[PDB]
Number of protein chains: 2
Amino acid sequence: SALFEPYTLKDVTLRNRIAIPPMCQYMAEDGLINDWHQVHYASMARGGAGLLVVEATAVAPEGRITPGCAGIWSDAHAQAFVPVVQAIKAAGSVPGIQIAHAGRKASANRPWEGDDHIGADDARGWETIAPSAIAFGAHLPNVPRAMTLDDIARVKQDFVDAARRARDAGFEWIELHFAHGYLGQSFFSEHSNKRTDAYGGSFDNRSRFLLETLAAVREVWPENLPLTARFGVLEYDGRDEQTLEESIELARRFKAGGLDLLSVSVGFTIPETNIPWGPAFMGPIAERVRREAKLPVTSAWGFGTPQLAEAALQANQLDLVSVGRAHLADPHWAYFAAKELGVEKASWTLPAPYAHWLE
Amino acid sequence: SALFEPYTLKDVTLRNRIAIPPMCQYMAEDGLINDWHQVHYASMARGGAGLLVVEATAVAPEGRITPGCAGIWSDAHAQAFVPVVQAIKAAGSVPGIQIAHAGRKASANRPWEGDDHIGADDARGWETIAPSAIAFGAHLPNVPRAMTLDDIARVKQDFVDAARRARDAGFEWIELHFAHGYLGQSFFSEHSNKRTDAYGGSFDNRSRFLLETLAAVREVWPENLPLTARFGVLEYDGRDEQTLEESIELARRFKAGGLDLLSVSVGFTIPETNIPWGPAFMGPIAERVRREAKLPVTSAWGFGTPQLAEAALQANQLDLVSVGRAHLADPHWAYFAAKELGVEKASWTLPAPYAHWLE
Ligand SMILES: Cc1cc2c(cc1C)N(C[C@H](O)[C@H](O)[C@H](O)COP(=O)(O)O)c1[nH]c(=O)[nH]c(=O)c1N2
Ligand SMILES: Cc1cc2c(cc1C)N(C[C@H](O)[C@H](O)[C@H](O)COP(=O)(O)O)c1[nH]c(=O)[nH]c(=O)c1N2
């Protein structure tokens with residue numbers, strides 16, 4: 001099975017091609033993770049996935065999506081991840097982390113608590129920042145403050161500090177969150193970036209925040225550990241061919257800047273879109289990015305059907321298959337996939353206290 | 001769905017009829033549980049089961065099955081369970097524990113490390129005790145030492161101390177392990193008990209260790225928390241009708257002695273048997289015990305098929321359905337079962353950070 005072939009990137013070897021993508025849990029307090037996360041991550045790692053990327057973790061307090069989001073903006077926050085890192089490793093999986101800044105989508109309620117921007121009278125709220133003072137709209141109507149050059153410098157340094165902290169906590173894999181309409185994505189998109197300085201307008205300028213952030217992180221993140229990013233390569237906004245072309249060019253520049261792998265996603269920069277949701281619908285997009293930018297890729301959405309994951313690898317549409325919600329449903333999904341694909345000794349996808357009894 | 005109706009016994013209310021029966025993990029060291037157990041139990045509890053009975057936990061070191069078995073033979077051992085109790089409760093499940101003494105099946109290797117008696121030349125082993133100096137046979141050839149009257153008093157007191165510790169650690173449900181050929185079962189069975197004193201021979205004498213241990217535990221275990229036992233009611237040894245009759249009479253005496261529920265199982269006292277393994281094969285036997293002894297019951301073996309669990313409840317064969325190996329395969333099996341049986345808002349079998357996204 002292609003899905004259960006190991007994968008080596010820099011000094012890291014994954015035991016199979018199953019990655020658990022970052023999935024916000026909204027259970028942290030003042031950015032500090034706790035026993036929710038400890039059990040959540042350890043259980044999934046024991047389930048057999050070769051790579052576990054920890055949820056979007058804010059590089060600064062205002063960069064959280066919600067009051068429940070994890071943060072790594074201080075050494076205390078980073079130390080809280082050490083038991084998570086070590087439990088993932090103990091399980092034979094590789095611990096990664098996505099570091100993030102929610103931009104204009106920040107200061108929002110938890111998804112099961114309204115999922116909308118926090119009211120101005122609610123003491124939990126905070127001022128959001130973005131390339132330009134323009135709201136997402138719909139359920140996220142808060143207008144962000146437009147960043148100054150000083151803000152841009154500060155946020156880049158926050159990403160740097162976060163990467164250093166992630167390194168020291170023992171993460172072996174880092175992912176810069178440049179997707180899903182948050183700060184990085186919003187600098188790239190003309191929808192959200194109306195700047196007239198060096199960080200807006202042209203393709204070079206819109207790319208600049210992302211390339212400078214990558215370059216600054218590259219300086220402190222070890223050369224022998226995978227340096228990756230998630231990036232929305234189209235919006236399904238009627239501008240897809242031009243947007244894909246630009247995004248793929250940016251992926252070439254990421255590779256020139258030392259990126260080892262790109263997690264290919266959708267922009268979600270604005271609500272006025274028409275996304276053709278379906279099983280494995282990103283497969284062909286990811287394949288094009290992989291082939292044209294000549295960079296390893298992963299992608300997600302609907303690959304919880306093991307045959308779809310296997311087919312995507314056999315078609316060389318991606319190098320790792322990210323399986324998200326199916327792991328929330330079943331933390332041992334990797335074992336389920338091994339059985340479904342007829343892997344020899346499938347139960348030993350799991351540790352011995354389970355594997356012995358399930359064979 | 002009958003499977004998702006709550007159940008009240010004494011002061012304890014279970015959110016559904018799904019019980020996770022005790023399952024040895026063989027991952028403890030010197031009886032002390034650790035991170036293996038913490039994540040294992042917390043994850044399954046979050047999966048939705050209404051009751052989680054912690055694995056066979058030895059009341060004394062020589063009562064472990066293996067060098068990896070959990071113990072509760074000191075206050076420090078009990079304190080180690082507190083985080084497990086707390087995690088199970090935090091998930092909305094009810095924490096139970098099975099307290100045990102392996103008798104002549106003690107001093108064995110872990111199942112994936114031979115599953116056989118530890119040899120005399122191996123310092124990891126220890127002398128076993130039993131009602132009589134007779135070996136199980138097969139892969140368990142070690143001849144146990146026949147217990148003295150002082151041994152009998154000591155082991156009863158070890159059960160009492162274990163029950164006191166379980167109580168003070170916060171468990172809300174206790175199960176005495178009188179099944180599966182271990183110490184308690186071996187006192188009852190004529191196969192293993194050849195004693196000529198007050199603890200062997202007649203039905204009353206063979207019952208005596210079990211009834212006295214129950215009575216002694218009853219003194220320290222709270223009246224308002226379920227007091228339960230697991231007991232093999234037949235062996236499939238060609239003596240089934242006679243053994244069933246006696247076992248059901250003992251269950252009547254358990255009831256008279258304050259037992260709140262009986263986990264109905266098979267004796268496994270000797271290897272020379274012919275067990276008719278099959279999906280839910282214990283259903284009719286459990287029903288007969290339930291009806292004839294007028295005690296609530298649970299049972300196990302094959303109920304991981306949700307329709308079988310549901311059918312057993314609707315037929316009033318069981319009050320709780322024990323689902324073991326399916327929870328090793330999938331710690332969220334209760335959610336899987338809710339979906340399969342068409343439960344309304346099935347995803348909210350799980351906590352919010354999963355449930356929200358799985359609707
Ligand atoms: C609960 C939850 C939380 C998040 C997500 C989604 C869900 C369900 N996703 C998106 C996720 O990584 C993935 O791309 C999608 O879930 C699609 O893959 P599946 O169809 O679920 O396998 C996500 N994406 C990301 O880049 N960072 C994150 O922190 C989050 N958080
Ligand atoms: C890994 C493992 C470990 C144990 C068990 C079995 C297995 C698989 N079982 C028996 C268990 O509780 C249950 O009765 C059987 O597994 C049958 O139910 P399932 O078919 O697995 O749902 C068990 N029984 C018991 O009374 N105390 C225990 O500690 C153990 N330990």
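Quick note on labels: first sequence line is chain A, next is B, and so on, each numbered from 1. Quick note: numbers below take in every heavy atom, side chains included, and nothing from hydrogens, waters or symmetry partners.
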[X] side chain to [Y] side chain, donor-acceptor N/O pair below 3.5 angstrom:
X: B:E235; Y: B:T269; answer: yes
X: B:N109; Y: B:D116; answer: yes
X: B:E62; Y: B:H101; answer: yes
X: B:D161; Y: B:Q157; answer: yes
X: B:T8; Y: B:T13; answer: yes
X: B:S107; Y: B:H117; answer: no
X: B:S43; Y: A:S43; answer: yes
X: B:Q98; Y: B:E55; answer: no

Is there any ring pair (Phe, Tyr, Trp, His ring centres under 6.0 Å) pair reaching into residues 8-34 of chain B, and which pairs are they, with sequence neighbours excluded?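 Output for this query lists B:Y26-B:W112.
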Distance under 6.0 Å and angle within 45° of the ring axis: does B:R46 meet both against A:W36?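 Cation-pi check for B:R46 and A:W36: passes.
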Should B:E246 and B:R206 count as an ion pair when the cut-off is N to O under 4.0 Å?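 Salt bridge between B:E246 and B:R206, a charged N being under 4.0 Å from a carboxylate O: yes.
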So does B:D115 pair up with B:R110, basic N to acidic O under 4.0 Å?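 Result for this pair is no, no salt bridge flagged.
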To the nearest 0.5 Å, how far apart are CZ in B:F81 and CD in B:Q38?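 Reported to 0.5 Å precision, the distance equals 11.0 Å.
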Trace of the ring pair (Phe, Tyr, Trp, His ring centres under 6.0 Å) decision for B:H332 with B:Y354: CA-CA 11 Å; B:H332 294 175; B:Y354 302 156; 5.3 Å; yes
Relative to each other, are the rings of [X] and [Y] parallel, tilted or perpendicular (30° and 60° limits)?
X: B:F209; Y: B:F187; answer: parallel
X: B:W277; Y: B:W301; answer: tilted
X: B:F281; Y: B:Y236; answer: tilted

Side chain [X], main chain [Y], donor-acceptor under 3.5 Å:
X: B:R230; Y: B:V264; value: no
X: B:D260; Y: B:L227; value: yes
X: A:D330; Y: A:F336; value: no

According to salt bridge (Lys or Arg N to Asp or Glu O under 4.0 Å), does anything in residues 303-329 of chain B pair up with another residue at least two apart or in another chain? List the pairs.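 Checked against salt bridge (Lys or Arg N to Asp or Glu O under 4.0 Å) - neighbours excluded - the pairs reaching residues 303-329 of chain B are B:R290-B:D319.
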